[PDB]
Amino acid sequence: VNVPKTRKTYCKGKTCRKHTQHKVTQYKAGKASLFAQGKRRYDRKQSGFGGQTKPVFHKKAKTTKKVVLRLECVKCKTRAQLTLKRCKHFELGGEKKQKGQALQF
Amino acid sequence: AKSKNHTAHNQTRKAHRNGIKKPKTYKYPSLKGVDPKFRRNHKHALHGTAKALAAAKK
Amino acid sequence: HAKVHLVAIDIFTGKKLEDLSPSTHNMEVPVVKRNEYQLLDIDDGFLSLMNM
Amino acid sequence: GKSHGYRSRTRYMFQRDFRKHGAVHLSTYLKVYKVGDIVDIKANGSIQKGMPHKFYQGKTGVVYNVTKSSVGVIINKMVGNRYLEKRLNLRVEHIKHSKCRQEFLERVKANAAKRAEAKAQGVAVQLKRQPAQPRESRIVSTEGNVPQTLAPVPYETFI
Amino acid sequence: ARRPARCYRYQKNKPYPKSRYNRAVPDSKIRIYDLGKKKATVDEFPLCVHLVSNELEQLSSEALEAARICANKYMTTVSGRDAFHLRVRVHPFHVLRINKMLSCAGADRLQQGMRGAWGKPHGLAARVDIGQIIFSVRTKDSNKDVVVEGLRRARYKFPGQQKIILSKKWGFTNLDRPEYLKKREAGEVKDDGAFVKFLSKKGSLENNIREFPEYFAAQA
RNA sequence: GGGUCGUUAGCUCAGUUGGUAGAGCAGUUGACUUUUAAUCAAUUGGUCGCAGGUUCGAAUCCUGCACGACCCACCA
RNA sequence: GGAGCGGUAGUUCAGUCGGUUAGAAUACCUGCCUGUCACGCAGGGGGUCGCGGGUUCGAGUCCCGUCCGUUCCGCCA
RNA sequence: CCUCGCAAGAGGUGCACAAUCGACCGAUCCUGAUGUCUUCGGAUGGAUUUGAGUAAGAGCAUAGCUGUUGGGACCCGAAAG
RNA sequence: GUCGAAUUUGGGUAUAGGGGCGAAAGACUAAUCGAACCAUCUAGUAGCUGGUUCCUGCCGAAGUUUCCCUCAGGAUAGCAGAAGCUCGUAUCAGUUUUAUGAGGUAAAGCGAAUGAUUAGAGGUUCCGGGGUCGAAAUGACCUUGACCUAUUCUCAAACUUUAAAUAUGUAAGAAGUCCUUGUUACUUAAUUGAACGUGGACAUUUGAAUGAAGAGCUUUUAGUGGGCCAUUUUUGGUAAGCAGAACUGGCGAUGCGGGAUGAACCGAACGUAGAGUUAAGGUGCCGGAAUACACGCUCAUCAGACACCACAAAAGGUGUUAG
RNA sequence: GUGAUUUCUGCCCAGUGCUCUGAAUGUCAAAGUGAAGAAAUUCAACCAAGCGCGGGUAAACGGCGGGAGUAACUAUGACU
RNA sequence: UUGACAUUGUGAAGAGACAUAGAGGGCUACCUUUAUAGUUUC
RNA sequence: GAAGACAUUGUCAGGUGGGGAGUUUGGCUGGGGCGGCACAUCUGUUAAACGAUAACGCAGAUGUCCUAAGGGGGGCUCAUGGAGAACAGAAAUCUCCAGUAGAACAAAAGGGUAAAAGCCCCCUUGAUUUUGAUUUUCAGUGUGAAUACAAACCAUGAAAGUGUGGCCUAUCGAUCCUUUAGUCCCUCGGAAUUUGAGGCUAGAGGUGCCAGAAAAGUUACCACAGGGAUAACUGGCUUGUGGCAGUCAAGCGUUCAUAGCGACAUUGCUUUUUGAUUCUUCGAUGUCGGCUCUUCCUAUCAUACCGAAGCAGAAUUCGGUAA
RNA sequence: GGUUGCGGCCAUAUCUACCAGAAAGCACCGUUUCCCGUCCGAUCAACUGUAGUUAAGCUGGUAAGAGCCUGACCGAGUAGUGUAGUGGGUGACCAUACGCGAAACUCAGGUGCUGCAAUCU
């Protein structure tokens, strides 16, 4: 689905506590990194013999992912999340619908 | 292994052995999930009306 | 427990490939769409396509 | 497979009833609900918000809480061995007043009056409703109205 | 071809018509539900006999066909084709189903016992009651001795026993014979094609004039 | 042995899923040619082997019917 | 006794499962070449995408039914 | 239990217990006062919030039926490793 | 069968177990081989079989719910017990009454919508074709073809105006009603409402019947979680002593009288005896009991004989009887 | 692997293997190298063999099709 | 099987890659192209 | 002698590696498999008029879609038919009349909807933040979905109000781990600072076997535990199918329904075929045939006595008593 | 009693085809500078009750009208159904007792009532 890049939603950040302009960006998990205990704990278990110690997942049934909108409040640059129902298409940009015009040839 | 799937047979006959005991209600029911505003108001009312009977009637 | 041996010729590369698996377990299916582009002049090694 | 939605098997339950479609009439809304009053629950398909579950169609119970456009009603649902006390949140459009309770209240009102009358008489009332007592010894009157004698009637084809 | 009608005799299941759920059926065998003088003004044929079914049961299309044809041929060869106006007062809507198994040695490719047991359609049939009427006839009152023998012949081609009673009332319409005569000689009838229309004391009195000039005037 | 399907003009083929038969080949007749053949055109031949209902009426619907063509046939 | 597949100019087939267009080869037709036919040269038409219904801005491809043909199973006794 | 009542009853006190509305203690989310190495500090006041709480302690140790768990675990019983 | 050699064999000697040897059969390896043997780990493990040791007394089930790599199992709730605790005629009751709610099934209905459908009548067309009358015509007239009007015969698990019976919710008051008036940070234009109250009244028909071998309340734990038959309702199925449900009853778990016999049918449920009375069934004899009483029907060179239940059909017959 | 002699062993290198005295900077570990950072470390290029890209090989495993029309009776179809 | 480090030593050349300068090119990344004080990979 | 800091050897690293090792291979399932999913869900019907309900019962549907198809207001009335207007025709645009909904509401099906929830316009983010309470499926846990509220801060409207997603019923996920958001808060436990890491509250990344394991075959060499809960032989009930018999009688039979036949229909019987079933047997009833030998049954091939004949004789047909 | 504004119930009020309406009431009807909105002063906006009507609307009446309603020993104790029987029936089913009880049809009767405020010969 289409959503617009702007959204005047509620903001909680001490000074705000009211409805303000947010900049609406797609969440993306970023890098996973070592040094997390849960990674180290894994690596240590892995090392040596036995081989694959932990369950590797296979049976995927979902095609899509649920979408998350990282919002940034323009005033205090304090952020917040918002999650939608699932979908295949997505565009955080514009291109709004036209009312009832003719089909493209 | 085609086993019997479901029935409600001989269930009522279990039920009536101890037998559908009713809720057993109390005067002064539990104000839980009653309007918050109302509850707040009633609180203050009770606080006040206690005072009236406590301080005056002696 | 019946297996299935497919033979499939690539869309892109073109080579002739085969597989054999029991048929319940999934072979994950790619998703396909046509862009119906209109082709203007072909420049250098690329083509040049015009969406309507 | 099997299916059990929130409106499972409710084709004819929330049917709007013949030639009474639409436009939720306005007595409904001005009927004033006091706390601890008994109310019947006729669901109303012409309003979707605040609807009851199918189980509570025709079921009756006590109001416990009020709000802006709704009422909290308690009912005794039957489950397994026991009665469990529920807490619904029905919009006012699905509710009417218990007529029977009103009737009862009227009876009580009469009772006080009867007691008062008795007092100015000098006690002795008999106020409970006794059932249909086995009707008394009486004398009938023939005078003109003679026993109009009947007989059995013979079998006839007419088909 | 066709398992005996003993299977589908009694009303063991619910009714099951040719609907938006059940289609691609077998077509009914009995097509012609009337015969004889089908453009017969009712003032021609005063008699009637009904072929009344005594028992609550179903009737296959075939049975209704064979019977109809039997009664038909026995009338027309004897009395003459315009001596009568034989209707059938029942239509086969209810459908029959069959599972259908393999015959000579089905052991390995068996179609699995009682699995997927819901059958495809088989043949159409009419649901029938105690005292319910199969076949009208209506003739001249002298012609009774023909129809009585025809219906007699035809009843043999049905499941169970179904009796052959004698009606009154210029029998296709309602309204008894002498009463009908009274209505006629009073002028309370217009001879609508095939079947008779009747006067009323309801509709606006303008449209009872052009339809019925007779009833109220002193002429007739 | 049984279930299914088909039997059409001298021979073959559509038949329309119910009101008059279409097309090819064959035969005859004319055109053409010095004769012919090939070709071109025109005609001749049709109750679809026998019953019952019959849509006004049926080879074409259905069921019987005799000659073919398919599909099936103990068991351990 | 069931499951899956096929369906298009006169023929073999793409198109088609992507819905707001029917393409190839051969055959057919016309003119040309040639003493005449073939080959060739230059042009031309021809398919309600088997039938019937439905969904659809639009169905040939989307769904359901006959319809005619091709495949798969018929294992343990 | 006391009081009055010849008794019937009435009135007072009402443990344990049951329901409830409050008070407090902690976490949460607000509030932020007097003071302030001017970033510390936390008063008081709140809240459809929540805790296995306090609200004049009820525990500990041995012993007996019972039921659980780990154990050769009611007894016998593999194919195996 | 082969019998001069790819021969047969003695002794010595070599190869050792998931290893050997194998002119290959998974053959052979001390009667063991699709992985020897002996000991130990080991009393391995077993949601599966088998058994599981004295008497009496009391109470006495389930085979259903939800979850599980669950479908022979377990958790779970339910049923059952034992321990009691708090009170002492409470407030309740597999029930009726009076009252009032909801329901969309059996029925009915379709000249009422929704569809399904038999027939003709009359209209209609310039707004469908095929004809005759005409060079043509928003033409003179027939044949159909749909439409329209009034009628017709027929229908429906997934159609309905209508609409039962049976089952079903709630009230039948002390925690009530009224009169006066207090509370508040809620609400009101308003000490109006609001919920909660002190005070005063109204009680022995305190507000329908009948019943209450006490009422309520907590603990804990066993077995169970394969069911089955019968009346009626009912889905698949040609049908089944088949399969699957609905409401009660049974049987499992239960003997006794009667169904000759039979788990479930009828009768009726058992402490040990005597008496008397019957239930269901019977009463020629085998059996205890009337070869009782009364009115009739039947002649069977295939009689008939009492439910569940051990069969019978469509069709006939001046055999007979009555209408 | 086949299985005396005789006679013969056709076509297929796409798949799967096997193989190549085979190019390249596609993929590329560890160490080593460079940058950044207070350092842990982060990021980078470089990059073995293989994998990939191409070449060979079938007494290697193996495999080796449909549908129409057409001869001057009918049929059949060298021929298309 | 291949790589790295260790085994672990003595030398000689000849070439490539990183940093500064000069040219012939499609303000400008690079592309081909010579030279310098150092290091390094062969 | 060769060979030379190369090999060889050691340690790490990537490849290769059924040669070998361990393990594996789901459930439901009128036996198993093959087939489906009835395994998470939703609609209508089955369902037996509250709810509750089964089957591999019936007809369908879901893993999406939508910054508007959400939210508020305003304006208007839809499908269809009638009658008309250059090109205009079954349909292109317009206009009046009728028009209870025969339309349109993102998508199945059922509800619901008429100054509307439908269409056109206007302004917008309530598809927002904090945390409860509640209903549904229920164990009264979860998950999902929903309802009524509060306390905020907004939306729109003149206002009354209405709005915490899509008119309503489906549209979707636990632990651990990673990641983000927030409070910029608490810990690194000898003390600090800064990196790093770990905590808290709210989400995301997925388990469709959908209350959530990382998993391919084969056995005719097989094995163990069990199973009549369950197949294959018999027996049983049942009959579709098989066989056999009627009743009716259109037609055949030159003429003529029934000498002999006998369509379309129809009511049976049979346990000799095959199926359908799973009650009995899986600590085993020896499972096809042929041989051999006994009886039994007729639904009568022949033989005895008969009647019927489309019986002149002969032959042959139909029937009756007869095993 | 009529009529207006606001209603409650929601057709005993709606629909078809006609005819009556004095008083006031609405009602149509006159006009576009301003506020306002339309393709268009039709719609809605504003300005005039002045320039004109009862033609429509609205109200009321009429019709053996449709429809709707209300009741009836009207059908009909009809179907249908709860309870019981070692009741009948080869069965399908039917009768019996204790009870409960419809729809169509037929007939007759009705065709809005009424609250709040204002106003009318």
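A quick note on method: Cβ atoms are made from the backbone with ideal geometry, for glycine too, and the neighbour counts reach across all protein chains shown. Coordinate-derived values only; no laboratory data.
Observations on the structure shown:
- Selection of first residues in segment E:94-109 that are more than 14 Å from chain C (Cβ to nearest Cβ) and of second residues that are within 16 Å of RNA strand J (Cβ to nearest atom), restricted to Cβ pairs under 8 Å at least 6 apart or on distinct chains, gives an empty result.
- Check on residue B:4, of a type in the set (D, E, K, R) and either away from RNA strand L (no atom under 16 Å from the Cβ) or surrounded by 10 or more Cβ atoms within 10 Å (Cβ to Cβ) (or both): no
- Any hit, segment B:47-57, residues being assigned to a helix (DSSP H, G or I) and under 18 Å from residue D:34 (Cβ atoms): no
- Residue B:18 meets the stated requirement of being under 25 Å from the mean Cα position of the chain (by Cα), exposed (fewer than 10 other Cβ atoms within 10 Å of the Cβ) and farther than 19 Å from residue D:86 by Cβ.
- Residue match in segment A:84-95 (condition: surrounded by fewer than 10 Cβ atoms within 10 Å (Cβ to Cβ) and within 16 Å of RNA strand J (Cβ to nearest atom)): no
- Pairs, first within 11 Å of chain B (Cβ to nearest Cβ) in segment D:54-65, second surrounded by 15 or more Cβ atoms within 10 Å (Cβ to Cβ) and small (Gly, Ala, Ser), C-beta under 6 Å, six or more apart: D:64/D:72; D:65/D:72
- Of all residues in segment A:5-14 being assigned to a loop (DSSP other than H, G, I, E, B) and surrounded by 11 or more Cβ atoms within 10 Å (Cβ to Cβ), the one that is nearest to RNA strand F (Cβ to nearest atom): A:5
- Qualifying positions in segment B:26-58 - exposed (fewer than 10 other Cβ atoms within 10 Å of the Cβ) and closer than 19 Å to residue D:87 by Cβ: B:26, B:27, B:28, B:30, B:32, B:36, B:37
- In summary, residue E:153 fulfils each of the numbered conditions (1) within 16 Å of RNA strand G (Cβ to nearest atom); (2) surrounded by 10 or more Cβ atoms within 10 Å (Cβ to Cβ) with the single exception of condition (1).
- Scanning segment E:110-133 for residues that are within 14 Å of chain D (Cβ to nearest Cβ), hydrophobic (A, V, I, L, M, F, W, C) and more than 8 Å from RNA strand I (Cβ to nearest atom) yields one hit, E:130.
Here's the yes/no breakdown for (1) more than 10 Å from chain D (Cβ to nearest Cβ); (2) under 29 Å from residue D:74 (Cβ atoms); (3) not hydroxyl-bearing (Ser, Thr, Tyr):
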residue	(1), (2), (3)
B:1	yes, no, yes
B:4	yes, no, yes
B:8	yes, yes, yes
B:11	no, yes, yes
B:19	no, yes, yes
B:27	yes, yes, yes
B:31	no, yes, yes
B:38	no, yes, yes
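- Number of positions in segment E:32-78 that are within 15 Å of RNA strand L (Cβ to nearest atom) and buried (at least 20 other Cβ atoms within 10 Å of the Cβ): 13
- When segment E:43-59 is filtered for residues that are outside any loop (DSSP other than H, G, I, E, B) and either farther than 11 Å from residue E:164 by Cβ or of a type in the set (D, E, K, R) (or both), the ones remaining, listed by number, are E:57, E:58, E:59.
- Within segment C:18-48, the set of residues being in contact with a strand residue (DSSP E or B) (Cβ under 8 Å, 6 or more places away or on another chain), among the aliphatic types (A, V, I, L, M) and under 28 Å from residue A:64 (Cβ atoms) comprises just one member, C:27.
- The set of residues in segment D:28-53 that are β-branched (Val, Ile, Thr), touching a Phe, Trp or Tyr at 6+ places or on another chain (Cβ under 7 Å) and in a loop (DSSP other than H, G, I, E, B) contains only D:35.
- Qualifying residue in segment D:74-89 (condition: away from chain B (no Cβ under 14 Å) and either in contact with a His (Cβ under 6 Å, 6 or more places away or on another chain) or surrounded by 11 or more Cβ atoms within 10 Å (Cβ to Cβ) (or both)): no
- Some residue of segment E:4-26 being within 14 Å of another protein chain (Cβ to nearest Cβ), within 11 Å of RNA strand I (Cβ to nearest atom) and surrounded by fewer than 18 Cβ atoms within 10 Å (Cβ to Cβ): no
- Restricting attention to segment C:28-52 and to residues that are surrounded by 10 or more Cβ atoms within 10 Å (Cβ to Cβ) and more than 21 Å from residue A:105 (Cβ to Cβ), the residue that is nearest to the other protein chains (Cβ to nearest Cβ) turns out to be C:47.
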